[PDB]
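First, one chain by itself: the form deposited in one PDB entry, in structure tokens.
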């Protein structure tokens, strides 16, 4: 049992209901086995694990060497993810906070993060039809569905970006889900690290956030998706992007991007928040793109390399 989690005992409210550490589902430590590291994420290394044939999970761990504020951050992360209920948001199996190091147990996303996926699964001479337009539109729909759920529930994400989206598996039938809430977590509990390149004009100027903030960011996510994992605003630094965007500058279409898809991006990037579509409208426009043969029959560019 943690001293400062129990000393502070923060409440978390979502959708008009309040929760605390006692609502989290504590899984006995003896039921949890770590299998392998999966890379660096929230709070450091994320691990593949199994609970109690067993349940496969991703495990975030809290470093035993950490501040009181890191502890509170970890608790709040558990509270936030445990209260969401949507198929396009990673599930929380539970927590193990009463042994050290402390764990949060999450849905295992075998496909990894979307940015790395797009970069590694780009069409190439060795894998010429590794992805098609419809694969990209399905990822877009999946994430817009998760964002619509957050909007409906008045939760502002603030960091919708390909790096924070995960895939259930690499192969066909993959489902994309929002897999990080670290920015929202920090804001709930209270610059060279802000995600400037995903932020609308009114964000870094006035510090005003609404769900139309997430709409802007979703537009940038769409560019990330249809570019196959390029960094937004190629060649521009954070301050160059800030000045560019606040003066009306917008990204060009990604290579081979169909016009109807690019038009969704440019609507998401309307200077005035009121002119930006909500996620219901974004979903309708993604569906229309998905039904249009000229969109879905467009070939993605082949990135040059060897046959092996």
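Here, rigid core means the biggest group of C-alpha atoms that superpose within 1.5 Å across both forms. Residues that one form lacks are left out of the comparison. Numbering follows the first chain given and starts at 1.
Form deposited in another entry: not shown, discussed below.
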property: Residue shift check between this form and the one not shown, rigid core fit, residue 23 Cα at least 2 Å; result: yes
property: Cα-Cα shift for residue 16 and residue 106, closer or farther in the other form, minimum 3 Å; result: closer
property: Cα distance between residue 138 and residue 14, which in the other form differs by 3 Å or more from this form, closer or farther; result: farther
property: Stretches between this form and the one not shown where the CA atoms of at least 3 consecutive shared residues shift 2 Å or more, core fixed; result: 9-17, 20-23, 181-184, 305-307
